[PDB]
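This one's experimental. Sequence and coordinates below.
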Amino acid sequence: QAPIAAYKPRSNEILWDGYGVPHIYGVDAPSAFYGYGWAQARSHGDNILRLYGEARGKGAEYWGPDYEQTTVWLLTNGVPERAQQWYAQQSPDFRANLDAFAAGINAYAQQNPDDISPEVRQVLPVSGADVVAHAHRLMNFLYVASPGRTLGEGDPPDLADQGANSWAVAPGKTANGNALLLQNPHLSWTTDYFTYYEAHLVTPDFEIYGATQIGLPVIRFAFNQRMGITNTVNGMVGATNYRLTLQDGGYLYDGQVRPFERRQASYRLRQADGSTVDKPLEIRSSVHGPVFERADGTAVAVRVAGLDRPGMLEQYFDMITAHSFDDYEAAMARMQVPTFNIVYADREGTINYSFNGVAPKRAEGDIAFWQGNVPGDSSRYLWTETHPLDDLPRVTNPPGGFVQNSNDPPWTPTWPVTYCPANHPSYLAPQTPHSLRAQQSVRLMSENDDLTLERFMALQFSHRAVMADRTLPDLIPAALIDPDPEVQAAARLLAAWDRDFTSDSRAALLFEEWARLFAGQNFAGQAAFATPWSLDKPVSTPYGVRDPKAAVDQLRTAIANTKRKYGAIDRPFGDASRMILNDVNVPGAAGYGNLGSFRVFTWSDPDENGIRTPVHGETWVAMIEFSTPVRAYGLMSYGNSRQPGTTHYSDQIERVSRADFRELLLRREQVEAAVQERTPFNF
């Protein structure tokens, strides 16, 4: 019936468990945020202070050369100053929480100066504005508008490997009648701002368990006794790069030569000897927005949407603390979160999918057109309005009894679908072939019924080489008629494979190498299938091999590659695939999502000895059943801390190698039973 009574904290304290997971208890909100800020300082202080410093545009001043590009990017886009505005524009209530958070961080550093790396001490003290600045940078100028896209360069490995999985199951599809939720982000294992942190906040008025990126005062992947939500990247096109026609010191626009908006700014660049050199920086703007110059000499102006949405953090906070789905939807309706697909589920039995973000209203052009260089010489392409929530693809309690997204276009959020590409403007999302992992996603959910939490988790462990199922039947035969015995031996090895990425697979590695050539290095190539992908058979296409003879030459080559990389065509998958953190070295399993593996581990290239580890992949994984009280399990691949000397960095990877999940503790008693360290505090 009613949720179990939440705990009313009678004093401020952090109860840490054996895994470095803080259970922050505050007599009020500001107190809790302060504890949260303290805990994050404890667990990831160095990187948070580094990121906050960058967000001030002081990256070059504080750490020199390797941080300069980001400084120029953030200054030119006026990020540090807008953070001050956004900060000021906060609601009095929330601004107090942000100030607490910053005080928590400051406090921790004050009482533990030794735990703070020397090179980041100059960043202290930090303020509520700094928090806001970072989140603004992350959301708007990393996720939505990255310097790579605008500068016409690219980005260090983050192509399609910035993915995730997400499921929400309606009570009707379960055995117990409680909704189920899956949080499963697949971001880099090394990039600092992408590091996830696990925490638990409790005040007399709210409770929030979950993971979030270091430096964020709100929990993005949260849940509690009442509800929970998860996120996945949808690539919402919130920015436009306009090509400019330079002319007579200005730029051509609507037939006339408009002069630029010029501002002479400056920043400090640290020198090897510790001194700083003052460096000039002219910031030019066009009616579109800031202007950058590419290497090829192209003058590009970037127009980022939602620069007037200062309530990002508060939206997330109100969303996750919502007392009902209605409240939740009202919160999301503020349009303060610029991107992401978001999934919801609660103890009431409601599940929801939302292609969220702030999208510019446009009158022409498909997504591909808007993702490229839009002509910047006419007011014809200068958008100003953005779409309301109800203009975007969304699903609630569908007939299928579930929702899901694995970075695939929003065209198959459930089965049967409830809408189609035609119902929305063609610039919102792409209409491209869904990845094999995404197809596996729809299958695992729609094909199963009467689910239990345990079965639900087991399905999450799927590591099927769907790619094989679509190709081997045609490849194998064609390869067997090849005169080269080694090729024939390869075909037999492959045909004996159960087509699952297990540690012991002797054919997996070889298959991958073949697939690299058959479907491109990222495994997304379609040019080689006999039957092209189709939205009408979204989970069974593409299929077959268009040119078996060619594909065999590819296998011929792939065989050489496998031996060169691993030393044999039949090396055990988990012998070359390892998960190495600190001094822990465990065998790997599961693999590339584009090859159909639901559970993901994007293996890196192998080293001298054919050993390789995950570059991106599983990180924070949790499955929640909204029973009363709720039940949840989770694991954090890379622990809950990265502070030099911490015992909580490599202390979970072993359980990951065995899919041995931790029961997430929400109830006071459970917490008291697992406490290993108490940190009392006053705000």
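Here it is on my side, so go on. Numbers count the residues shown, from 1 in each chain.

first to last residue in stretch 167-183, what's the distance?
By Cα to Cα, to the nearest Å, the extent of stretch 167-183 from end to end equals 8 Å.

So which bits of that stretch are buried?
167-171, 173-174, 178-183 (16 or more other Cβ atoms under 10 Å). Bear in mind the C-beta positions are built from the backbone N, C-alpha and C, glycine included.

I'd say residue 41 and residue 48 touch.
Yes: when contacts are counted by Cβ atoms under 8 Å, residue 41 is listed as touching residue 48 (6.9 Å).

which residues are common contacts for those two?
Jointly contacting residue 41 and residue 48 under the rule Cβ atoms under 8 Å, 6 or more residues apart in numbering are residue 105.

Now the buried residues of stretch 167-183 in JSON lines, please, with extra columns for distance to residue 77 and secondary structure.
Output for the buried residues of stretch 167-183, formatted as JSON lines (distance: Cβ to Cβ, whole Å; DSSP: H, G, I helix; E, B strand; the rest coil):
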{"residue": "167", "distance to residue 77": "36", "secondary structure": "strand"}
{"residue": "168", "distance to residue 77": "35", "secondary structure": "strand"}
{"residue": "169", "distance to residue 77": "41", "secondary structure": "strand"}
{"residue": "170", "distance to residue 77": "42", "secondary structure": "coil"}
{"residue": "171", "distance to residue 77": "46", "secondary structure": "helix"}
{"residue": "173", "distance to residue 77": "45", "secondary structure": "helix"}
{"residue": "174", "distance to residue 77": "46", "secondary structure": "strand"}
{"residue": "178", "distance to residue 77": "45", "secondary structure": "coil"}
{"residue": "179", "distance to residue 77": "40", "secondary structure": "coil"}
{"residue": "180", "distance to residue 77": "41", "secondary structure": "strand"}
{"residue": "181", "distance to residue 77": "35", "secondary structure": "strand"}
{"residue": "182", "distance to residue 77": "35", "secondary structure": "strand"}
{"residue": "183", "distance to residue 77": "31", "secondary structure": "strand"}
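
Just the closest of those residues to residue 142, please.
residue 183 (20.6 Å; Cβ to Cβ).

I'd say that closest one and residue 230 touch.
Yes: judged on Cβ under 8 Å, residue 183 makes contact with residue 230 at a distance of 4.2 Å.

okay, and the common contacts of the two?
Shared contacts of residue 183 and residue 230, counting by Cβ under 8 Å, 6+ apart, come down to 166, 221.

circling back to that earlier point, list just the nearest of the buried residues of stretch 167-183 to residue 34.
residue 183 (25.7 Å).

Next up, the contacts around the residue lying closest to residue 76 once chain neighbours are set aside.
For residue 76, ignoring the flanking residues on the chain, the nearest one in space by Cβ to Cβ, 6 or more residues apart in numbering is residue 290 at 4.8 Å. Neighbouring residues of residue 290 by Cβ under 8 Å, 6+ apart: 76-78, 283-284, 301-302.

Show me the domain layout of the protein.
Under the assignment curated CATH domains, the domains of the chain span 1-45+165-235+305-462+614-674, 46-162, 240-304, 463-613.

Out of the ones you listed, which gets nearest to residue 683?
domain 1-45+165-235+305-462+614-674 (4.4 Å).

what's the offset of the closest one from the middle of its chain?
10 Å (Cα atoms, centre = their mean, to the nearest Å).

What's the end-to-end length of it?
Using Cα to Cα, first and last residues of domain 1-45+165-235+305-462+614-674 are 28 Å apart.

now stretch 162-180
Start-to-end, stretch 162-180 (Cα to Cα) is 24 Å.

Can you give me the neighbour number for the nearest residue to residue 261 once chain neighbours are set aside?
The shortest distance from residue 261 to any non-neighbouring residue, by Cβ to Cβ, 6+ apart, is to residue 285 (4.0 Å). Using other Cβ atoms under 10 Å, the number of residues around residue 285 comes to 16.

Surely residue 285 and residue 301 touch.
Yes: counting by Cβ under 8 Å, residue 301 is a contact partner of residue 285 at 7.5 Å.

Between the two, which contacts overlap?
residue 291.

which one of the contacts of residue 290 is nearest residue 656?
residue 77 (37.8 Å).

The nearest residue to the closest one once chain neighbours are set aside pairs with what?
Excluding the flanking residues, the one nearest residue 77 by Cβ to Cβ, 6+ apart is residue 290, at 5.4 Å. Counting by DSSP bridges, residue 290 forms beta bridges with residue 285.

What distance do you get for residue 290 to residue 550?
47 Å (Cβ to Cβ, to the nearest Å).

Residue 213 too?
44 Å.

Mind checking which of these two has more residues around it?
residue 213 (22 against 14).

can you put the domains of the chain in TSV and add distance to residue 682?
Output for the domains of the chain, formatted as TSV (distance: least, Cβ to Cβ, whole Å):
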stretch	distance to residue 682
domain 1-45+165-235+305-462+614-674	6
domain 46-162	9
domain 240-304	37
domain 463-613	35
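
I'd like to know which of those domains lies nearest to residue 681.
Nearest of those (Cβ to Cβ): domain 1-45+165-235+305-462+614-674, 5.0 Å.

quick one on the thing from earlier: next up, the contacts around the residue nearest to residue 261.
Residue 285 neighbours (Cβ under 8 Å, 6+ apart): 260-263, 291, 301.

what does residue 423 give?
Counted by Cβ under 8 Å, 6+ apart, residue 423 has contacts residue 393.

Helices along the stretch 1-150 of the chain, start to end?
Assigned by DSSP state H, counting those that start in this stretch, the helices in the stretch 1-150 of the chain fall at 29-55, 59-63, 68-76, 79-88, 92-111, 128-138, 147-151.

So which bits of the fifth one are buried?
Residues of helix 92-111 classed as buried by neighbour count (16+ other Cβ under 10 Å): 94-109.

Same question for the fourth one.
Of the residues in helix 79-88, those scored as buried under the neighbour-count criterion (16+ other Cβ under 10 Å) are 79-80, 82-83, 86-87.

right, and out of these, which lies closest to residue 33?
Nearest member of the buried residues of helix 79-88 to residue 33, counting by Cβ to Cβ, is residue 87, at 14.8 Å.

mind listing what residue 173 touches?
401-402, 448-451.

brain fart, residue 284
Residue 284 touches 260-263, 290-291, counting by Cβ under 8 Å, 6+ apart.

try it again with 7 Å
260-262, 291 (Cβ atoms under 7 Å, 6 or more residues apart in numbering).

and the helix or strand where residue 491 lies, how far from the chain's centre?
Residue 491 belongs to helix 485-495 when elements are defined using DSSP states H and E. Offset of helix 485-495 from its chain centre (Cα atoms, centre = their mean): 39 Å.

packing partners for that helix?
Applying 3 or more Cβ pairs under 7 Å, 6 or more residues apart in numbering; DSSP states H and E, one finds that helix 485-495 makes contact with helix 466-480, helix 508-518, helix 548-566.

Can you lay out the ones you listed as a markdown table showing distance to residue 117?
Output for the helices and strands packed on helix 485-495, formatted as a markdown table (distance: least, Cβ to Cβ, whole Å):
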| stretch | distance to residue 117 |
| --- | --- |
| helix 466-480 | 44 |
| helix 508-518 | 39 |
| helix 548-566 | 37 |
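
Pick the most deeply packed of those helices.
helix 508-518 (a mean of 24; mean count of other Cβ atoms under 10 Å).

Which residue, neighbours along the chain excluded, lies closest to residue 493?
residue 507 (5.1 Å).

Actually, residue 359.
In space, residue 359 is closest to residue 387, 4.8 Å off (Cβ to Cβ, 6+ apart).

Please report how far the one you found lies from residue 425.
8 Å.

neighbours around the nearest residue to residue 193 once chain neighbours are set aside, how many?
Leaving aside its sequence neighbours, residue 193 sits nearest to residue 51 (Cβ to Cβ, 6+ apart; 5.6 Å). The number of residues packed near residue 51 is 24, by other Cβ under 10 Å.

Many thanks, we can stop here.
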